[PDB]
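Student: First the structure, then my questions, so here it is.
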RNA sequence: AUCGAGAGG
Ligand SMILES: Nc1ncnc2c1ncn2[C@@H]1O[C@H](COP(=O)(O)OP(=O)(O)OP(=O)(O)O)[C@@H](O)[C@H]1O
Ligand SMILES: [Mg+2]
Ligand SMILES: [Zn+2]
Ligand SMILES: [Zn+2]
């Protein structure tokens, strides 16, 4: 279940429960229509790429699929009322804060992501310090040099 | 090579006064005094004797760096009580106690034999 | 460094009043962190502390020879005979306050060695300075008032940060920037240029 | 306390570090690599007295 | 190389004690702990100054110039 | 007199050595817990005996106190640092014009010493001092 | 006698005074010990000029040792800080000048002691600058050893200073400090294997305070008021003077704070 | 191998299953063997994976191997960095090594390639082929002491 | 000084590791850290 | 490689580093001698002129000063040697090469520069000693140590470059690292151990100490917190005082193992509105870990507030620990007598198991599974026996260690130490291995000349029944030295191969940049990725969260 | 070649200002201010050019336009006033 | 600004775990079979006898910076021997016609279970706990 | 200047 995702929804919900002093005794002033349609609108609002043509729209849909899965799981109508006694004000603030955090989470063009990737691989490797299979920096050298003959070939049959 | 001269620990420099008194933001009737060229010997005694005073709500001393000989005393007192007067009273009580100690030790030493 | 691979540099120098003190008035010449101990696993350092404490109190040499039946239990029995706590702990008071430290401190004589690395033999700073004849780049070495090298790894680090102008400044304005004249048609810096 | 064992060349004290080599006149057998056509080799590095 | 004037940690003077200490060991046939006790050195920080000292000046004196 | 012999490594191959003379003694339990677990040799036909096991070490490692209670890399590190330690390298230091010399003002013999140290002349020409060390957290410097 | 702090001297000698300080807050006792260490002034050699040196020791080594020499400082208040006396560099009112000349005339080693220091400046009738000798032989601190044919000739200027500037101006060696020997305040948490009572040795001062009782609950309100101290002096100043001048210096610092307020 | 699999209830449960490990690799013949699951067979030799199953499977196996090397230490690196490396290797359609053989021989500018290895050979062949360096690379601008198209240098600032 | 006088060098199948036959002939602990690790030994 | 990709540079400095608890995280302590040497060119404006003239009057020999004045003509006036160093009359547009002053951007670096974190911008603070000073919580990104390490400092020469350092490379920005998508800095060493000691429910603070700690937090509101305990005596908890360091509006929820909402063992963590409700603070709460206080505060309050949080926590905890004390001695390695008896009995039962397996193998009654030598099976079984013995003895020891045991305290806090350290110091260090196997017969059929030939027993192959406290025997010592030599070789040799790998990785991916169309392309324009990481998200703004639809039964999903 | 400009309507690049372009804008404005250039926000006891530039960025008075280059060679231009800072 | 709750409980067990000064306390309400209590108490300041009977009270008053008792002119609202200030973190319902309330006095914890205090023990930072022998 | 050697993390 646990995977790296852009916007921590749980923290935002706790922030809403504290900023607006949620009371469990009182009934929520949210409509069922409000919750469902607002979550759909929030899905529409999150944009990684802003092109109008359909291929860029499809690419953006791809880019946001998993985060939208998380958003649907975390903002279902039964949860938004029963699990958290969220008022309408808290719900709207959560929607806007989610959109803002997601838009802040986008990559900034100009990031030298290749150099960052190379360093992110290299630093743990230099920190590596030491059974039936080749492992560690030698195996990494094999992988990186596409060595035709490897010390420990192996086939895993299911 | 870079070390400050040891005399800087007790000799006040040019343009340096012993006490700098500044009002404290975010608190009522509170002041911050910057004792220059002084160390824990003075600070702990002054703070404890301030804590003895009933109308002193707050008293705390800190040394922002071991490199430099200086400390900060924050004093907050009751409305109608100048914190500067609270510091004065603490100082005078300290001196009275020290004088009594000197007298009593001198009598006791005169009593002893060796 | 002690005799057990525990190397360290002076972080601060404290006068005797600021230093924590035992009830006997004894003070540490040197304070090291407990955090160095558990990772390095140098028990012989603490054994040297204990044995040397007993040796100083008794006036007899301590036998730190390898492969001997000297056991910590016997050394601690001796230290207890001398009146100090068997495991070398001593109640100590804060110098700044005089209040007893809630902890008891491992306190004892230890052999320490002064090493050939001293800061004032290492300090360096250049700004502008002398330049090598061939590359027109800053000379090498502290002895020649040289420039610290901006390695390829450092170029990569600045690239990952995205500070292009700082990179250009380090690579030209701080090392070897030069203005040369090229012919537009020739494409080579073979232009003879009389500026005046 | 000086223990000697060094030379003095142009005023500088100089030590000769021992150089470690394998003894000659020892016969040793080594399996050649699997791709190599010969399976085993017996070698002697005969040095004169 | 010669006796420290005072104990590094206390500042108790130990430079006046050294010679006495030696005569306490040889003339009186005493052991080092009781010798340091007779010299008034009761804290081990003071005891290490005398006990672990090596008087290298005697070797330095033998050099003729 | 034949009481001692010189052993090559090649000749070491063909001999059986005991670590201590007490190994050549009769056997017939109640032991001090703090002492190390030493294996009953349950072996015979000794042809030799070590003079003392501590002789396996070199000059640098013979300075280390209780190195048998230390993790070995730390012993290696210390062997590399005792050569960086400062002391009276000779008693004629004032006479020779060495390019660089560093000498302690008041060198102290170590309070914990190896029996090897005597033959290394360390106590006579030490390179450290017996500092009163406290292990404590104190302002975190 | 007088209200407030109360002193009971257990034992006293020229070298050590062991006393009990009563009816006082801890901060004051700690400030007093800090002043006794750092702040009470003495006289020590702060300048050396070496005319001739053929000893095996270098000049800096010897000058450091000379600064470490104890010197009489009983009348040090009649001397003035060199930085606080109007002469060009030093005068008789702010410094004491000593001379050391030694030649190895004997084939056997010729030793040099602090007794071999002579005073050239005019004392002007104040007990100051006499090297301190507690050796039963009368010889001072062994400054140097000379082979036959070796001379050392030098001049020392001793000035007024404090241990907070350099440890040579140290009037006291070590001060023993203990409060709450029974640990009734629970100001420390003992480290033990099986039993704190068995493993931790009992303090001598534990006799002076009444033993605790197990039935009674822990006295939270109680604060440390009785302190057990022992002050040991080098001998440059008497022990009674060490503690009295510590008191006086602390008073002077507090008074200067008060004056700074009045001037503010 | 223990394995987490959907139970009839929907919850995940641990079903141990038998798995074969082989000291050699003959991928093509082995997957045609009956009684095995040809969809799940795996090699630690990703080059065979590329040969038998195509370039995309090669990229997936490359990521798997790099990930396991990173995770043996307990080290964790975010997916994107390893994915960048693997996509760089596999974007040519085959396995391009991070070597003077693999990535330094490319259509890229001459100066960037010569900054890594085989410097003078690369420069000579650039001279012989009459190569034109775009100077789009970072190393080209580093050699020329100009601001690279990197972060601050990508965009251009212009007055109003 | 003593150590520099009691020193060897091995110029170059596993030379660096401490061999069993080194017992009593070469110091087990004293070796340089760096490129000359194991190759430079002390008697 | 040596003159164009890298080159020696001007305005650089380098020196030994130590740490300063009273320095700020983004600050760097620069010696006065270095400050008087490095210069920044500052063009005189109406804004700065009154300061600048003073500096030039103050001279290059004392800081804050300046070393050179450049006129409009380009001539340089050297303030060290000039008859006009006194009467200088600054004209607008001239340049003053001022000394490096406090709150000036610099680039701080450690030469094994594997990370962008290895080179970070710092705010200068000029200091009275020769070493560079830096905050403790910044050691980790540099892999810095104060055992003698030297670090390097570079000075920008233009306002654009200073802006680049301050807006991209600043230390507070680099708190959340793109690799591992987690913070790289956290509370370490004395601060961490003291924070665990302070957060304990037993820890109570008196009024005087409470007031001093409250003042110690630089941004204290002046509102003395209401004491937790009131009537019998006003007693604060350590959690209360530490809550002053936590900014208001911070909510942290973590449940650990058996954590009720009643948190019986003080495990887990609950913080509401910057006030801690229950739980002991340790490496989980306040370390570099994901979902820790650093990550939450950086995301919610901003990088600057987290950078100040580092200093505030350090001040409070360091003060309390200074007045509390902490230590470690040999007593922290001693285990109970009965515990030692049980440890030796564990060793003996392992020895009996090894002997019986050996006797079985000698009888040819062993059967080895498919693909494994009989001898291989024997080796694996004996090695597993001895490893289990070491682990069981160590666990016995660790259970024996009390809560006051300082090694157990450091392990619980997480500041230093591990289980294996306790095991090797207190119970036994165990089996030594070279090249993946037990010690082998360097001699003929013997590991050492003191053993008999064809001896395969644990002690013969390098098993150390002795703990570091008990002391290794001669053979055990030689075997251990053999083992450690391998690690030394691994360090000194691995480093080069890993460096070559990193160089090749960097050269292979150097041109890979995210362009303005969200694609990831190289210098030639070829697409590596149509969207960075396939989600278009910067790695720093990413945290592990659970997908609640994937798991569970269908019934719980329905409910 | 010519007319690589893209009309403001149908501009696909990010409405927000990248960290790198904010950094370069602030640096260039700080350099301008340091070289005695006019300031378009009223100062409030502020004399560091970088802080002046930051205040001008907040008040959207920096008259500079970022030209972003797509990999094909077409450029899209955004005024600093247009772009969103967050 | 008045009393929120009051009862008299009896102690079942007292248990310090890894704590020298603090004990966890289990208590049952007298006259209320369904009302129970759990509390972290400083036994060094107020020891708790096993099977002891103790009066317990929760009050709202009798923010603002704390001031020492000074001359004592400020009048105690406590004949009690042990008083604390805390903050409530959770308000759960254990069953229909039953509620449970959680409080944290500086990390010392408290849990109270009873049915009727809907108006009482409202969610708030304010809390004062009082215990009389 | 080149070449060698030693150390530091
Ligand atoms: N998180 C950590 N956990 C455990 N130990 C650590 C940690 N960080 C540092 N150390 C300790 O610091 C030392 C690691 O050495 P380090 O890698 O920092 O030096 P190096 O400069 O990279 O290489 P070398 O010193 O060998 O030349 C070890 O003693 C290690 O135990
Ligand atoms: Mg290190
Ligand atoms: Zn002493
Ligand atoms: Zn004068």
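Numbering starts at 1 and runs along the chain as displayed.
According to its header, this structure was worked out by X-ray crystallography, 3.2 Å.
Just so it is clear, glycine is given a Cβ too, placed from its N, Cα and C backbone atoms.
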Student: Among E:42, E:59, find the residue to which Swiss-Prot assigns the annotation ubiquitin cross-link.
Tutor: E:59
Student: Using DSSP reduced to three states, classify residue E:10 (Zn(2+) binding site) as helix, strand or coil.
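Tutor: Going by the DSSP assignment, residue E:10 (Zn(2+) binding site) belongs to neither helix nor strand, so it counts as coil.
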Student: Of E:7, E:10, E:45, E:46, E:59, listed here as recorded positions, which sit with their C-beta under 8 angstroms from a C-beta of chain F?
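Tutor: Cβ contacts with F, in sequence order: E:45, E:59.
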Student: Among the recorded positions E:7, E:45, E:59, which ones place their CB within a distance below 8 Å of a chain C CB?
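Tutor: Filtering E:7, E:45, E:59 for a Cβ under 8 Å from chain C leaves E:45.
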Student: Taking only same-chain residues 6+ apart in sequence, whose CB is under 8 Å from that of residue E:45 (Zn(2+) binding site), what do you get?
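Tutor: Those within reach of residue E:45 (Zn(2+) binding site), by Cβ under 8 Å and sequence separation of 6 or more, are E:7, E:8, E:9, E:10.
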Student: Kindly point out which of the recorded positions E:7, E:10, E:45, E:46, E:59 have a C-beta less than 6 Å from some atom of ligand 3.
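Tutor: Close enough to ligand 3 are E:7, E:10, E:45, E:46.
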Student: Across all chains shown, how many C-beta atoms besides its own are within 10 angstroms of the C-beta of residue E:59 (ubiquitin cross-link)?
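Tutor: Step by step: centre on the Cβ of residue E:59 (ubiquitin cross-link), count other Cβ atoms within 10 Å, giving 18.
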Student: From the Cα of residue E:59 (ubiquitin cross-link) across to the Cα of residue E:46 (Zn(2+) binding site), what is the distance in angstrom?
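Tutor: Each residue's Cα considered, residue E:46 (Zn(2+) binding site) and residue E:59 (ubiquitin cross-link) end up 25 Å apart.
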Student: Would you count the other CB atoms within 10 A of the CB of residue E:7 (Zn(2+) binding site), including those on all shown protein chains?
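Tutor: A count of 23.
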Student: Take the Cβ of residue E:46 (Zn(2+) binding site) and count every other Cβ within 10 Å, whichever protein chain it belongs to.
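Tutor: Within a 10 Å radius of the Cβ of residue E:46 (Zn(2+) binding site) lie 27 other Cβ atoms.
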Student: Chain D proximity: which binding-site residues among E:7, E:10, E:45, E:46 have CB distances under 8 Å? Answer 'none' if there are none.
Tutor: none
